[PDB]
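Engineer: Dropping a structure here in structure tokens format, bear with me for questions.
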Amino acid sequence: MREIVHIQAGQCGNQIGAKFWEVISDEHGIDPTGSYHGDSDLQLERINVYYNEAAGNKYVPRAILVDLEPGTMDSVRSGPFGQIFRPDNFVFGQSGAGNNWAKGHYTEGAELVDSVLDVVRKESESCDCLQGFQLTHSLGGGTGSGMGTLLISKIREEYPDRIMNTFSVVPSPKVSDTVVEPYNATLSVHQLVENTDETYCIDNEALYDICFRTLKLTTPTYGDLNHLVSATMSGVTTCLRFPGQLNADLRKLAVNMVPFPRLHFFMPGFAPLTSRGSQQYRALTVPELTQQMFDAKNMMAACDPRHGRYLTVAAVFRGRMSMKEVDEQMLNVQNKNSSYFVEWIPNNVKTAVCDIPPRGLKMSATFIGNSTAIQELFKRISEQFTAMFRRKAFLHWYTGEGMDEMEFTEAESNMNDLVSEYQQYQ
Amino acid sequence: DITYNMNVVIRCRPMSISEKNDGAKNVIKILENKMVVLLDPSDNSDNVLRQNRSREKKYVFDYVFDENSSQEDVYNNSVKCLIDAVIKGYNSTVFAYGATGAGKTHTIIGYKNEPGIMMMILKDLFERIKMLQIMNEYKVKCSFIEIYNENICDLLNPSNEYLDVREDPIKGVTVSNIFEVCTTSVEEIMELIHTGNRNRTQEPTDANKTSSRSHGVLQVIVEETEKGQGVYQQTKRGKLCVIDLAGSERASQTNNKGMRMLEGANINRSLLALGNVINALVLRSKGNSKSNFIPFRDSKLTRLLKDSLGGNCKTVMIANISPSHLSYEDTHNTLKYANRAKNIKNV
Ligand SMILES: Nc1nc2c(ncn2[C@@H]2O[C@H](COP(=O)(O)CP(=O)(O)OP(=O)(O)O)[C@@H](O)[C@H]2O)c(=O)[nH]1
Ligand SMILES: Nc1nc2c(ncn2[C@@H]2O[C@H](COP(=O)(O)OP(=O)(O)OP(=O)(O)O)[C@@H](O)[C@H]2O)c(=O)[nH]1
Ligand SMILES: [Mg+2]
Ligand SMILES: [Mg+2]
């Protein structure tokens with residue numbers, strides 16, 4: 001009961017997905033072969049949420065891997081945990097998208113997509129009651145953004161009543177990796193606005209800050225960064241996988257955190273986060289976790305929560321904890337930091353608690369905030385788009401893939417509207 | 001510059017023979033043109049209830065039409081000036097509203113029979129326009145679309161299937177691939193629309209044999225130019241828009257069909273979106289402190305209607321209710337919505 005379907009689109013998305021799978025298999029006591037070697041019966045009770053049971057006491061991720069390039073697939077298959085995936089669930093093209101949203105959405109991606117659709121239909125049929133979909137990808141390139149968006153549109157058309165979740169790695173302001181990133185982000189964000197029910201805005205710059213400042217990590221690799229994201233992902237759906245004292249799944253979270261249809265862009269966070277040295281000089285207690293989570297410098301989106309207000313915040317706690325203590329701490333934070341919370345939604349905080357902690361830790365926390373500061377992310381992007389579009393820079397490539405200028409105009413308008421709406425509700 | 005103007009009227013249907021045969025009591029009384037009272041049929045057994053007298057539930061309107069009102073009377077005393085606004089180069093919008101089964105389609109649009117005010121709207125439009133045509137050539141174009149599960153059906157020409165909305169240079173809204181018929185008479189547009197009704201998604205629900213599952217949106221464009229076609233012209237394209245709002249639904253207790261539950265939710269959501277858009281437009285028109293974005297984005301209905309709703313336009317909400325206590329709850333909710341559509345405490 002309550003099966004989730006996982007989709008990974010483009011290189012980054014795939015990489016994050018791999019990490020996610022690795023963590024979750026470890027959590028549920030699943031080895032690199034698909035066999036259960038755990039101790040606790042609780043690890044297998046709700047195994048069906050993320051895994052299909054294959055013949056001969058093995059488990060396989062309900063995961064679809066998508067890319068316009070084959071190399072990524074190979075890299076995944078050769079990775080630790082690569083062999084756990086169903087071979088028929090790898091759907092790859094041969095060409096690539098060349099950082100072009102149009103190639104991913106209209107051309108190469110279009111050709112690819114039917115196969116993916118066929119796979120995912122089968123995966124849906126297999127599951128007794130699919131609660132919904134989780135897509136991991138980025139907005140800045142061509143595949144994850146254009147192809148991903150296309151896929152999402154198709155999915156929603158066939159499953160309009162199911163929950164649609166995306167973990168979207170967004171382009172940061174300073175660390176600009178590509179030149180057409182503004183275009184790709186703009187086009188994809190628009191589509192996300194209409195077709196996702198909740199969107200987790202993850203930002204590389206913020207991750208780097210976390211790694212450098214909070215973990216004090218000498219050399220971050222993408223794997224390390226990805227780990228953080230994976231942890232966050234695991235946090236959200238802990239209530240579907242384990243028992244607890246107060247239980248909240250994907251739907252319950254959405255209903256409590258989304259007051260208006262369009263405002264479904266979250267700034268996620270995780271706690272605790274310490275170095276090796278600073279491990280000894282700390283208190284493993286709920287007050288400390290709470291303190292950590294609400295800090296601006298612990299957000300995985302490059303936005304200052306102190307530049308806006310929290311519309312709603314959901315906190316998900318894992319480990320053996322006193323409910324009273326949890327409640328006290330959340331009330332204290334809202335009373336003390338009154339100015340950071342919208343005053344016309346009393347009790348801006350939703351709490352959920354799962355008894356099963358993550359491995360290595362006795363207590364852990366996951367944060368989901370709907371903050372009006374997310375407007376900053378959109379605004380910058382809009383500005384950059386304007387700067388490009390005013391001089392029609394790089395437009396020709398997109399137009400060569402069948403895209404028309406008017407779409408760009410529309411998307412930009414839409415994003416502007418969204419920004420305005422956030423501002424006004426602040 | 002939101003200068004939004006919306007009149008709110010309501011038509012009380014005459015109590016039907018079926019309602020009389022079923023013992024219906026008269027919950028609806030009209031005290032004035034400006035107001036209607038719905039007599040909530042409480043048993044009043046408690047002293048508190050007898051003291052409060054909650055039975056007298058008042059709602060605020062510009063013109064409440066009683067049980068004897070006809071299609072011609074609704075036209076003459078409500079949309080008549082909206083037609084004029086279009087003739088004069090402005091946009092205007094009419095919204096039919098009520099619980100499904102309320103008779104919205106027949107009062108406003110018709111379906112071969114019961115011409116509705118839509119016939120009357122076009123009948124005067126074309127008489128005035130044909131006269132004006134002597135100096136200013138007119139092209140009265142007509143489209144008819146279906147807004148269903150946020151997708152748009154071309155009703156006049158179903159071969160375009162389900163369409164999206166796009167922003168124009170100068171950001172008005174166009175439905176892609178919609179058929180536009182240039183007409184000269186009400187007979188042409190009325191038959192065109194009634195034929196188009198054949199392509200609407202409708203189902204035999206418990207509350208209504210013909211319950212619309214969608215918002216039927218008429219877009220009649222009164223395009224004009226001085227007949228001196230070789231001269232530069234500041235032409236007009238006033239749009240006379242009429243919306244058959246999907247009926248409100250709370251029949252999901254028995255409508256357990258997957259699609260009816262989907263449609264129901266989308267209908268109610270978009271009816272509420274319209275409500276929120278209206279509240280915002282009214283607040284801005286009033287000049288309140290609520291300076292913000294009008295949430296036209298909340299539905300395809302409102303995104304499209306933005307072009308008339310946010311400007312120097314005349315709009316009208318025409319609700320449909322019943323005097324019978326047997327449907328008190330539907331009349332109550334219908335009146336409540338309409339009251340909130342107006343947002344004026346004159347009653
Ligand atoms: N947080 C992470 N970000 C990544 C990772 N790999 C790439 N990226 C970021 O994503 C962007 C590059 O995206 P992709 O390689 O996924 C583009 P994709 O392969 O999906 O389509 P193509 O345009 O066909 O290459 C850029 O901002 C990178 O800095 C990762 O492992 N973690
Ligand atoms: N006294 C007490 N209250 C509880 C307990 N568990 C949850 N609550 C309270 O119950 C309310 C939340 O409702 P739940 O019972 O968890 O929700 P539910 O009935 O399962 O409804 P859904 O999960 O929304 O389907 C809150 O006021 C909690 O504080 C408990 O063990 N004891
Ligand atoms: Mg790639
Ligand atoms: Mg419950």
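Labeling convention for the structure tokens: chains A, B, ... as they appear, residues from 1 per chain, ligands from 1 in order of appearance.
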Please determine the contact residues of chain A with respect to chain B at a cut-off of 7 Å, counting only C-alpha atoms, and supply them as a PyMOL selection string.
Structural biologist: chain A and resi 410+420-421+424
Engineer: Which residues are close to stretch 29-42 of chain B, i.e. within 9 Å by only C-alpha atoms, leaving aside same-chain residues fewer than 6 positions away? Reply as a list in words.
Structural biologist: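 Contacts, with the query itself left out: residues 9, 49, 53, 54, 55, 56, 57, 58, 59, 60, 61, 62, 63, 64, 65, 66, 323, 325, 328, 331, 332, 335, 346 and 347 of chain B.
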Engineer: Residues of the last selection are to be written out with N, CA, C and O atoms, as a JSON list (two decimals), in the first residue's frame.
Structural biologist:
[["chain", "number", "residue", "atom", "x", "y", "z"],
["B", 9, "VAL", "N", -26.94, 40.41, -10.19],
["B", 9, "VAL", "CA", -28.36, 40.22, -10.23],
["B", 9, "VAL", "C", -28.68, 38.76, -10.02],
["B", 9, "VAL", "O", -27.80, 37.90, -10.11],
["B", 49, "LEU", "N", -32.76, 30.37, 19.62],
["B", 49, "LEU", "CA", -33.12, 30.46, 18.22],
["B", 49, "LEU", "C", -34.26, 31.43, 18.01],
["B", 49, "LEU", "O", -34.28, 32.21, 17.05],
["B", 53, "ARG", "N", -33.57, 34.60, 15.66],
["B", 53, "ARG", "CA", -34.36, 34.66, 14.44],
["B", 53, "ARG", "C", -33.50, 34.61, 13.18],
["B", 53, "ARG", "O", -33.66, 35.41, 12.25],
["B", 54, "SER", "N", -32.65, 33.58, 13.13],
["B", 54, "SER", "CA", -31.67, 33.36, 12.06],
["B", 54, "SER", "C", -32.32, 33.05, 10.71],
["B", 54, "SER", "O", -31.65, 33.03, 9.68],
["B", 55, "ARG", "N", -33.63, 32.82, 10.74],
["B", 55, "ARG", "CA", -34.44, 32.58, 9.56],
["B", 55, "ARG", "C", -34.25, 33.70, 8.53],
["B", 55, "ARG", "O", -34.15, 33.44, 7.33],
["B", 56, "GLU", "N", -34.17, 34.96, 8.98],
["B", 56, "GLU", "CA", -34.09, 36.05, 8.00],
["B", 56, "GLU", "C", -32.69, 36.26, 7.44],
["B", 56, "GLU", "O", -32.00, 37.21, 7.82],
["B", 57, "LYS", "N", -32.26, 35.41, 6.52],
["B", 57, "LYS", "CA", -30.93, 35.57, 5.98],
["B", 57, "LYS", "C", -30.94, 36.51, 4.78],
["B", 57, "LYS", "O", -31.55, 36.22, 3.75],
["B", 58, "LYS", "N", -30.29, 37.66, 4.91],
["B", 58, "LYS", "CA", -30.31, 38.66, 3.85],
["B", 58, "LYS", "C", -29.09, 38.59, 2.95],
["B", 58, "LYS", "O", -27.97, 38.39, 3.43],
["B", 59, "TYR", "N", -29.29, 38.85, 1.65],
["B", 59, "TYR", "CA", -28.19, 38.94, 0.69],
["B", 59, "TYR", "C", -28.29, 40.22, -0.17],
["B", 59, "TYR", "O", -29.40, 40.68, -0.49],
["B", 60, "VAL", "N", -27.13, 40.78, -0.53],
["B", 60, "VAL", "CA", -27.05, 42.04, -1.29],
["B", 60, "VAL", "C", -26.84, 41.91, -2.80],
["B", 60, "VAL", "O", -25.88, 41.30, -3.26],
["B", 61, "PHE", "N", -27.77, 42.50, -3.55],
["B", 61, "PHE", "CA", -27.81, 42.51, -5.01],
["B", 61, "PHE", "C", -28.07, 43.89, -5.57],
["B", 61, "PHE", "O", -28.46, 44.79, -4.83],
["B", 62, "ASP", "N", -27.82, 44.07, -6.86],
["B", 62, "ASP", "CA", -28.23, 45.31, -7.51],
["B", 62, "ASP", "C", -29.66, 45.12, -8.00],
["B", 62, "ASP", "O", -30.48, 46.04, -7.91],
["B", 63, "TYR", "N", -29.97, 43.92, -8.49],
["B", 63, "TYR", "CA", -31.34, 43.68, -8.92],
["B", 63, "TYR", "C", -31.76, 42.22, -8.81],
["B", 63, "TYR", "O", -31.32, 41.35, -9.57],
["B", 64, "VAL", "N", -32.64, 41.98, -7.86],
["B", 64, "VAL", "CA", -33.20, 40.69, -7.64],
["B", 64, "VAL", "C", -34.46, 40.58, -8.48],
["B", 64, "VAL", "O", -35.39, 41.38, -8.33],
["B", 65, "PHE", "N", -34.50, 39.60, -9.34],
["B", 65, "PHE", "CA", -35.63, 39.37, -10.21],
["B", 65, "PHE", "C", -36.50, 38.30, -9.55],
["B", 65, "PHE", "O", -35.98, 37.29, -9.08],
["B", 66, "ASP", "N", -37.81, 38.54, -9.49],
["B", 66, "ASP", "CA", -38.71, 37.60, -8.83],
["B", 66, "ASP", "C", -39.13, 36.44, -9.73],
["B", 66, "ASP", "O", -38.64, 36.31, -10.86],
["B", 323, "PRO", "N", -37.16, 29.14, -4.94],
["B", 323, "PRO", "CA", -37.95, 29.53, -3.79],
["B", 323, "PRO", "C", -38.29, 28.39, -2.89],
["B", 323, "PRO", "O", -38.74, 28.65, -1.78],
["B", 325, "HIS", "N", -38.11, 25.32, -0.30],
["B", 325, "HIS", "CA", -37.27, 24.92, 0.82],
["B", 325, "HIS", "C", -36.62, 23.57, 0.58],
["B", 325, "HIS", "O", -35.65, 23.21, 1.25],
["B", 328, "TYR", "N", -33.31, 24.39, -0.27],
["B", 328, "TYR", "CA", -32.82, 25.50, 0.54],
["B", 328, "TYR", "C", -31.31, 25.61, 0.52],
["B", 328, "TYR", "O", -30.77, 26.69, 0.32],
["B", 331, "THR", "N", -29.93, 26.97, -2.77],
["B", 331, "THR", "CA", -30.25, 28.39, -2.89],
["B", 331, "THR", "C", -29.37, 29.19, -1.94],
["B", 331, "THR", "O", -28.82, 30.22, -2.32],
["B", 332, "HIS", "N", -29.19, 28.68, -0.72],
["B", 332, "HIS", "CA", -28.36, 29.33, 0.29],
["B", 332, "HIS", "C", -26.96, 29.52, -0.25],
["B", 332, "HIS", "O", -26.45, 30.65, -0.27],
["B", 335, "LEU", "N", -26.83, 31.98, -3.28],
["B", 335, "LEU", "CA", -26.95, 33.36, -2.83],
["B", 335, "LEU", "C", -25.70, 33.83, -2.11],
["B", 335, "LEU", "O", -25.27, 34.97, -2.29],
["B", 346, "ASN", "N", -24.94, 46.76, 1.53],
["B", 346, "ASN", "CA", -26.10, 47.65, 1.39],
["B", 346, "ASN", "C", -27.37, 47.04, 1.98],
["B", 346, "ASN", "O", -28.45, 47.63, 1.89],
["B", 347, "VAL", "N", -27.23, 45.84, 2.52],
["B", 347, "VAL", "CA", -28.35, 45.06, 3.00],
["B", 347, "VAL", "C", -28.12, 44.42, 4.37],
["B", 347, "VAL", "O", -29.06, 44.27, 5.16]]
Engineer: Around ligand 3, which protein and nucleic acid residues have at least one atom no more than 12 Å from it, if we count only C-alpha atoms and all ligand atoms? List them as a ChimeraX atom specification.
Structural biologist: /A:9-15,66-73,75,92-100,104,137-138,140-145,147
Engineer: Could you pull out the residues in stretch 242-276 of chain A that DSSP calls strand (DSSP E or B) from the backbone, as a list in words?
Structural biologist: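 Put together, the selection reads residues 244, 245, 246, 265, 266, 267, 268, 269, 270 and 271 of chain A.
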Engineer: In terms of the shortest atom-to-atom distance over only C-alpha atoms and all ligand atoms, which of A:110, A:217, A:284, A:239 is closest to ligand 4?
Structural biologist: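 Using only C-alpha atoms and all ligand atoms, ligand 4 sits closest to A:239.
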Engineer: Would you compute the distance between atom CA of residue A:23 and atom CA of residue A:6? Give it in Å to one decimal.
Structural biologist: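 Those two atoms sit 14.4 Å apart.
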Engineer: Which polymer residues have any atom within 10 Å of an atom of residue A:333, counting only C-alpha atoms, with same-chain residues fewer than 4 positions away left out, as a ChimeraX atom specification?
Structural biologist: /A:290-291,294,328-329,337-338,340-341,349
Engineer: Please measure the separation of atom CA of residue B:184 and atom CA of residue B:96, giving the value in Å to one decimal.
Structural biologist: 25.4 Å
